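Q: return a 3D structure for these sequence lines:
(3 chains)
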Amino acid sequence: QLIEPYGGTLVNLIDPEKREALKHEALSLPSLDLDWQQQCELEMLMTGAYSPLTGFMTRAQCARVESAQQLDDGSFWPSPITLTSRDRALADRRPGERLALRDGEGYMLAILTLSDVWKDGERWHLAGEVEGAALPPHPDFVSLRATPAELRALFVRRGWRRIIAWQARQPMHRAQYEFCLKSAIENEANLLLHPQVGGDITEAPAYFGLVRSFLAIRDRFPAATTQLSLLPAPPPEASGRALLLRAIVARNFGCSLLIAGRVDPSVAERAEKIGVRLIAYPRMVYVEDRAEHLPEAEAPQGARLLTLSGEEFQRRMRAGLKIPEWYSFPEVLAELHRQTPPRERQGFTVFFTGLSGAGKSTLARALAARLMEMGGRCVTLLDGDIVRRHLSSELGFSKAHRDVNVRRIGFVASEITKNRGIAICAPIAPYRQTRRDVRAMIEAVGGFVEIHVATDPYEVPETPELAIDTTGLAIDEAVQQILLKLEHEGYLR
Amino acid sequence: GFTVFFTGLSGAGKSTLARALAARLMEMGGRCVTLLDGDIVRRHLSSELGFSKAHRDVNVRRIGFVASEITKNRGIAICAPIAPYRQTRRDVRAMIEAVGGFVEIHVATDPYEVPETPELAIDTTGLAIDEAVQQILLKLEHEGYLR
Amino acid sequence: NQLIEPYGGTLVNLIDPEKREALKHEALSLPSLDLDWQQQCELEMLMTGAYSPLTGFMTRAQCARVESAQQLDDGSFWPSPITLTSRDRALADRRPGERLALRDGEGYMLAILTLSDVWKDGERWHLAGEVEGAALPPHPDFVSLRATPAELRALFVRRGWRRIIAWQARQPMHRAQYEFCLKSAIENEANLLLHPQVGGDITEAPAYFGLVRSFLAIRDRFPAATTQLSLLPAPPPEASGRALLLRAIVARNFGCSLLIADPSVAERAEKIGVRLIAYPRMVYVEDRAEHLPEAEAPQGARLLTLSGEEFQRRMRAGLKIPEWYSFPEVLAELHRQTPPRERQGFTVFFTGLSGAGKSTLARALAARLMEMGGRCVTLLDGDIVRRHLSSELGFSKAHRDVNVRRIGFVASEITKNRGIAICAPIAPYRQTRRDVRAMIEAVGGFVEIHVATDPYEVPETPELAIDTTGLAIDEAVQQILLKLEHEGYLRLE
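A: Residues are numbered from 1 along each chain as shown, chains lettered A, B, ... in the order given. Below you will find the coordinate block:
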């Protein structure tokens, strides 16, 4: 039947009436604003994902795990659950004190009753029983988010008992999909698609795409046998320990099986221990002779086997190359392309750099006109009137004033490109430093092409995409020379 | 593209509403969402602005500019700056309305000035965030912007 | 606004799990009523709060007082008598005070009724009294989609919804209703609840399955953040104003403050707090590529409509359905439910005297029909029917008249399932042949062929009557392929 909670009973650090009294008391307390990953940890703990745990571990507890892997009971526990921050307002806090914990906006979540307090590297650690008022606000995917208690209830209405969990950290294609199925049939189990979702709406907004790529292919799964739900946490870093923790939260969510993809006999040992069987994910190959993926070692002798690395998938996707019909599904493919388009189709800024002895501006305007012939992507010239008028009309010529200007313009450019537009910029920028940051800011969200026009101080661009090394180039010839770069870099459609 | 422009007094949860609304809109994909509010806007756009009359005017407009670029390019921009002058709100709306969709939401739960013509005016007394967020998804739905 | 509160002011719940074991025990020792499927609906509605403030079945006086002043004992408003029936003789000797076990059709226990009043009207017995519930009618099907008023309200609250139009469908939705819901929702700044009436039995009235499936089919055409699908366990009522006022009340108890369906009822309705908007003649306005209420259409625009009479007809004939009318999915689904004659099942029922020619015709007709594939043909005649259907049957008045129905039954199953059944039993009674025809005509096509070439009874209304006496098998066979070809049942590549 239904595996039950680790420790034996499901923790819930949120008692309502106490809820009210609690916000009230937080009014009068010191407060910590958590970063997004700690709120995850908090939510996991507050919510029973870590039953029997009921507070953040204490440096001494923190230590007995990495050794004997036990709690104070001697009960088994793979890995340190701890709450951290880098606020200087923590140095002068001490045990016995009660701390208000709040999301990044001052929204109140729980009060921590301090067991222990110390620092490590650049981050402070905290310990003590927790009393919860509210969970981190989650406007998004309300349906898809269940607490271990909510999920267990669901399973029970669905009449489910035995359940394999797949705690995805990245999108699923046909090999994982086909392996989940047979795994499931093999262990006579229902299937839980449990993608790790932890992030923030502005430092970590990548989970949205992940959730959407699961929504995309969910209908390919048997409805009476499959569930989708979100697991609020960051993916951990692979390690036998991490693995054993995930097994524990899998158990706390109701799952008695876990797919991981390894399996050092030592860890499957301790895991079969704590009631959750973890099956390993093999090298799947597409076996043409059979029209289906099999674990590589189950494939017939001398069949023609077929594979596609992630390096190579990702490559084809950037380049608009063909993906084999057997690798994914059209929907997922279509979705991955809405998230990360082919160069031929994504945004980019063209960043002109050189001295005021250039015709930087002249080149930039001409290049804008040409690029406008294309349509599909909108072109914005961040140069003359525009930039004074809106962005830097109250900036001096101070060192850091022009630095701020360059960066301001590099910001607006990144928004243009993130959104699939092309931004063309030719500000005054003499510091390898500051150009260094602009490129990274935009390169994160799309394409960056530096063009060095070489026909207080300054500093050489040491690594442009294009360096106009001419002596009598006319505008036409130079513009063409850069359309040639964009063409050869892949950005033109 | 469209920007969602929250206006009201610092007695609002403007910012709180804006963040929640961003999260919801991110469920959709197809268009990218950018929250022009806290750290972001100081950090990049107005970190050398006073509180002078025309200094905050410049700030409001600066933010209305970046928003217009987001929307022109098919993105959704969500903004909740301090803006008390019908004047300046007047220009922001036109700047973005030229290039895409503008939806003002008046959160009514020196001087100021009434928004006389929002798309949505949250006229409640005990609205909770969820209820208010929904109330605005209802506006976007009925205005046509949701896919 | 906000979430309209239950009628009467607080949401009834006749099921206290605290008293659940005690009730299942007490019942054993009680007299018991097995409810028909529609009463279980009434019970479930009552047991569940759809009729708050009601908390038991009304009493002959209360029933009479509703039909008059439309009030409860409080004088509060109430449109229509809620009452429990049964057509069980074992009810004649039962009396107020007694406690009755209420159970589904398979003796599964639901609640105990504490008798207030017991009386009779025509064919049926009426019952009254407070109700104490143990279990709800078992519903294996559509578990997800079935919410109690409390469950639904809770859902609405997570979704952050407040103001809600409900549409309590009793039949599939096409583009006109869909487009009109959409605008009623934008116009009233409301969320939309698709709430199809779903009461039936797995056999008694398994028509709701199709209804639900046709909603699932088109649900994706609806804005996700603005629409909800849920089932409303009840039979559709018969159109009245009290009735319409009841639906408004259950709409209120489920959370809805608007109901699509007057107008002096829109009078009393607006009164209990639920605004009911009426459904107008929708027309497709070509000039605007959209449906509008007829009175909002521009003048002299070409208006387009399609009656249900005509829709039905086109569907039964394979004719083209406009594209503004429905959606491909729904069309596709309505065709999986009820196929064109071309593709539907039918039995060919030969009748006449002995009637060895009957058998000979039947076999030839089978051979021909078998050339066609798509539908499987079964010859219910000689060895077959002996062996398995009638190996043991006298020649009684009632043993030949059971043999016939026996064969109508197997035939009906063949045709229900899209096959063609060919039968030629001995049957001299109109009435028995009528019952067979009705049984199979319910589930598919019936074609009687009277071979005219105790005391027989010439069919008075066959589809085909082979008279002429110098007929070869071939000619006769052809003559019936003609009947079928002309009746629509034949098709080919």
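
Q: quick check: residues of chain A near chain B?
A: By the rule Cβ under 8 Å from any Cβ of the partner chain, the part of chain A lying against chain B is A:105, A:107, A:137-141, A:201-202, A:205, A:208-209, A:211-212, A:335, A:338-339, A:347, A:378, A:380, A:390-391, A:393-395, A:401, A:404, A:407-408, A:411-412, A:415-416, A:418-421. No exception for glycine: its C-beta is placed from N, CA and C like everyone else's.

Q: kindly recompute the last result at 6 Å.
A: Residues of chain A lying near chain B by Cβ under 6 Å from any Cβ of the partner chain: A:139-140, A:201, A:208, A:212, A:338, A:378, A:390, A:411-412, A:415-416, A:418-419, A:421.

Q: in chain A, which residue is most central in space?
A: residue A:206 (4.3 Å; Cα atoms, centre = their mean).

Q: mind giving me the packing neighbours of the helix of greatest length in chain A?
A: Across chain A, the longest stretch assigned as helix under DSSP state H is helix A:399-418. For helix A:399-418, the elements it packs on are strand A:348-354, strand A:422-425, helix A:432-443, helix B:53-72, judged by 3 or more Cβ pairs under 6 Å, 6 or more residues apart in numbering or on different chains; DSSP states H and E.

Q: recalculate using a threshold of 8 Å.
A: With contacts taken as 3 or more Cβ pairs under 8 Å, 6 or more residues apart in numbering or on different chains; DSSP states H and E, helix A:399-418 sits against strand A:348-354, strand A:379-382, strand A:422-425, helix A:432-443, helix B:39-44, helix B:53-72.

Q: so which of the ones you listed gets nearest residue C:115?
A: For the helices and strands packed on helix A:399-418, proximity to residue C:115 was assessed by Cβ to Cβ; helix B:53-72 is nearest, at 68.7 Å.

Q: roughly how far is the closest one from the heart of the chain?
A: 11 Å (Cα atoms, centre = their mean, to the nearest Å).

Q: next, the angle from it to strand B:101-107.
A: 130 degrees (axes from the mean of the first three to the mean of the last three Cα atoms, to 10 degrees).

Q: which segments of chain A make up each domain?
A: A:1-140, A:141-339, A:340-493 (curated CATH domains).

Q: nearest residue to residue A:299 in space, please, no chain neighbours.
A: residue A:287 (5.1 Å; Cβ to Cβ, 6 or more residues apart in numbering or on different chains).

Q: neighbours of the one you found, how many?
A: Look at residue A:287: counted by other Cβ atoms under 10 Å in any protein chain shown, it has 19 neighbours.

Q: does it have beta-bridge partners, and which?
A: residue A:292, residue A:305 (DSSP bridges).

Q: I'd say it and residue A:296 touch.
A: No: using Cβ atoms under 8 Å, residue A:287 is not in contact with residue A:296, being 9.3 Å away.

Q: shared neighbours of the two, anything?
A: Residues within reach of residue A:287 and of residue A:296 at once, by Cβ atoms under 8 Å, 6 or more residues apart in numbering or on different chains, are residue A:305.

Q: contacts only, for the residue of the stretch 251-400 of chain A at minimum distance from chain C.
A: For the stretch 251-400 of chain A, the residue closest to chain C is residue A:331, as judged by Cβ to the nearest Cβ, at 13.3 Å. By Cβ under 8 Å, 6+ apart, residue A:331 lies in contact with A:216, A:217.

Q: distance check, it against residue A:430.
A: 49 Å (Cβ to Cβ, to the nearest Å).

Q: picking up where we left off before, excluding covalently adjacent residues, which one is nearest to the residue nearest to the centre of chain A?
A: Residue A:206 sits nearest to residue A:199 (Cβ to Cβ, 6+ apart), 6.2 Å away.

Q: what of residue A:62?
A: residue A:80 (4.6 Å).

Q: for the one you found, give its distance to residue A:65.
A: 5 Å.

Q: and for residue A:9?
A: Distance from residue A:9 to residue A:65, by Cβ to Cβ: 21 Å.

Q: these two: who's more crowded?
A: Shown here are residue A:9 and residue A:65; by other Cβ under 10 Å, residue A:65 has more neighbours (18 against 11).

Q: help me confirm that that one comes into contact with residue A:79.
A: Yes: counting by Cβ under 8 Å, residue A:65 touches residue A:79, with 6.3 Å between them.

Q: that older thread, just put the helices and strands packed on helix A:399-418 in CSV and tack on distance to residue C:88.
A: Formatted as CSV, the helices and strands packed on helix A:399-418 follow (distance: least, Cβ to Cβ, whole Å):
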stretch, distance to residue C:88
strand A:348-354, 79
strand A:379-382, 80
strand A:422-425, 79
helix A:432-443, 79
helix B:39-44, 72
helix B:53-72, 69
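
Q: quick one on the thing from earlier: could you dump the domains of chain A to JSON lines with distance to residue C:469?
A: Listed next are the domains of chain A as JSON lines, based on distance: least, Cβ to Cβ, whole Å:
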{"stretch": "domain A:1-140", "distance to residue C:469": "74"}
{"stretch": "domain A:141-339", "distance to residue C:469": "60"}
{"stretch": "domain A:340-493", "distance to residue C:469": "80"}
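
Q: looking at the helices and strands packed on helix A:399-418, which is closest to residue A:177?
A: Closest approach to residue A:177 among the helices and strands packed on helix A:399-418 is made by helix A:432-443 (32.7 Å; Cβ to Cβ).

Q: other residues contacting that closest one?
A: Outside helix A:432-443, the residues touching it (Cβ under 8 Å, 6+ apart) are A:348-349, A:351, A:353, A:403, A:406-407, A:409-411, A:413-414, A:417, A:423, A:429, A:448, A:450, A:459-462.

Q: okay, that helix in PDB with CA atoms only?
A: These are the backbone C-alpha positions of helix A:432-443, laid out as PDB (Å, rounded to 0.1, in the frame of the first residue of the first chain):
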ATOM      1  CA  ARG A 432      37.900  46.800 -21.000                       C
ATOM      2  CA  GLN A 433      36.300  46.500 -17.700                       C
ATOM      3  CA  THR A 434      32.900  47.900 -18.400                       C
ATOM      4  CA  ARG A 435      32.600  46.500 -21.900                       C
ATOM      5  CA  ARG A 436      33.300  43.200 -20.200                       C
ATOM      6  CA  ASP A 437      30.100  43.400 -18.200                       C
ATOM      7  CA  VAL A 438      27.800  44.700 -20.900                       C
ATOM      8  CA  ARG A 439      28.800  41.700 -23.100                       C
ATOM      9  CA  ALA A 440      28.100  39.300 -20.400                       C
ATOM     10  CA  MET A 441      24.800  40.900 -19.500                       C
ATOM     11  CA  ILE A 442      23.500  40.600 -23.000                       C
ATOM     12  CA  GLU A 443      25.300  37.300 -23.900                       C
END
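
Q: how about it: buried residues?
A: If you call a residue buried by 16 or more other Cβ atoms under 10 Å in any protein chain shown, then helix A:432-443 has these buried ones: A:434, A:435, A:438, A:439, A:441, A:442.

Q: output those in a markdown table; the columns should cover distance to residue C:180.
A: Putting the buried residues of helix A:432-443 into a markdown table (distance: Cβ to Cβ, whole Å) gives the following:
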| residue | distance to residue C:180 |
| --- | --- |
| A:434 | 58 |
| A:435 | 58 |
| A:438 | 53 |
| A:439 | 54 |
| A:441 | 49 |
| A:442 | 48 |
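
Q: against residue C:165, how distant is the spatially closest residue to residue A:366 that is not a sequence neighbour?
A: Take residue A:366 and drop its neighbours on the chain: the residue closest to it by Cβ to Cβ, 6+ apart is residue A:479, 4.8 Å away. Between residue A:479 and residue C:165 the computed distance is 58 Å (Cβ to Cβ).

Q: residue A:94 too?
A: In terms of Cβ to Cβ, residue A:94 sits 57 Å off from residue C:165.
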